[PDB]
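Per-entry structural report
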Amino acid sequence: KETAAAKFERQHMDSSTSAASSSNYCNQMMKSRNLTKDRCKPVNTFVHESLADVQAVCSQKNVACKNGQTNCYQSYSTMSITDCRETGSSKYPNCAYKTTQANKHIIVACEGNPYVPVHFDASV
Ligand SMILES: [Cl-]
Ligand SMILES: [Cl-]
Ligand SMILES: [Ir+4]
Ligand SMILES: [Ir+4]
Ligand SMILES: [Ir+4]
Ligand SMILES: [Ir+4]
Ligand SMILES: [Ir+4]
Ligand SMILES: [O]
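The deposited coordinates for this entry were obtained by X-ray crystallography, with a reported resolution of 2.29 Å.

In the annotation of the PDB entry, the protein is listed under the name Ribonuclease pancreatic and assigned to Bos taurus. Each PDB entry has a title, and for this one the record gives "X-ray structure of the complex between bovine pancreatic ribonuclease and penthachlorocarbonyliridate(III) (2 months of soaking)". According to its UniProt record, the protein has this under Function: "Endonuclease that catalyzes the cleavage of RNA on the 3' side of pyrimidine nucleotides. Acts on single-stranded and double-stranded RNA." Taken directly from UniProt, the Subcellular location text for the protein runs: "Secreted".

Each neighbour pair has its own omega, and for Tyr 92 with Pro 93 the value is 5 degrees, a cis peptide bond. Secondary-structure assignment places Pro 93 in the loop between β4 (79-86) and β5 (97-104). The peptide bond linking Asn 113 to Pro 114 adopts the cis configuration, its omega dihedral lying at 5 degrees. Here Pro 114 is to be found in the loop between β6 (106-111) and β7 (116-123). For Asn 34, which is not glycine, the phi dihedral falls at a positive 65 degrees. Among the structural elements, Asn 34 can be located in the loop between α2 (24-32) and β1 (43-47).

With that settled, consider the state of the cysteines. Counted according to the given criterion, the structure contains four disulfides. Disulfide pairing places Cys 26 opposite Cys 84 at an S-S distance of 2.0 Å. Around the S-S axis, the bridge from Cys 26 to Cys 84 shows a dihedral of about -80 degrees and counts as left-handed. Remark: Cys 84 occurs in strand β4 and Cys 26 occurs in helix α2; sequence separation between them is 58 residues. Here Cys 26 and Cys 84 have matching classes, each one buried. Sulfur-sulfur distance for the disulfide between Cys 40 and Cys 95 comes to 2.0 Å. The sign of the -85 degrees torsion about the S-S bond sets the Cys 40-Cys 95 disulfide as left-handed. Residue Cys 40 is found in the loop between α2 and β1, and its partner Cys 95 is found in the loop between β4 and β5; the two are separated by 55 residues along the sequence. The exposure classification of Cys 40 matches that of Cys 95, with both residues buried. The connectivity of the disulfide bonds within the protein can be written as 1-6, 2-7, 3-8, 4-5, using the sequence rank of each bonded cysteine.

Definitions and cut-offs
Residues numbered from 1 in each chain as written, not as in the entry; some residues may be left out. Chains lettered and ligands numbered in written order. Heavy atoms only, no water. UniProt positions renumbered as here; feature names shortened; annotations may be inferred. Helix = DSSP H or I, 4+ residues; strand = E, 2+ residues; numbered from the N terminus. Disulfide = S-S within 2.5 Å. Buried < 20%, exposed > 50% of the residue type's maximum accessible area, 1.4 Å probe, protein only.

Structure, rendered in structure tokens:
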């Protein structure tokens, strides 16, 4: 089975490029990272920072997760990200996305030993 931590890297980590280079990006990346398999996943975010920078967030600002748990962490600095958001006309299996680059703080849920990101909660 895929670990939660590896799933986070697959769904949210793209260190290779520093900033989007779009409008292709979300369409190819959602596809290539297996996020258009079961459904068109409506929203997803990719983080354009080193794995180490993102992992470090687990020891930064402790905040409440959206689901009411306490194991979420907000990055002290903003990070280069890309929000992928399905279009109104997107129909499975041909999943269509709008690519939006931004620099924002990320919020991630962390667990396990080692204590690493396992879910992307939000950006702010
Ligand atoms: Cl496996
Ligand atoms: Cl800010
Ligand atoms: Ir396995
Ligand atoms: Ir890619
Ligand atoms: Ir800020
Ligand atoms: Ir996710
Ligand atoms: Ir979880
Ligand atoms: O910030």
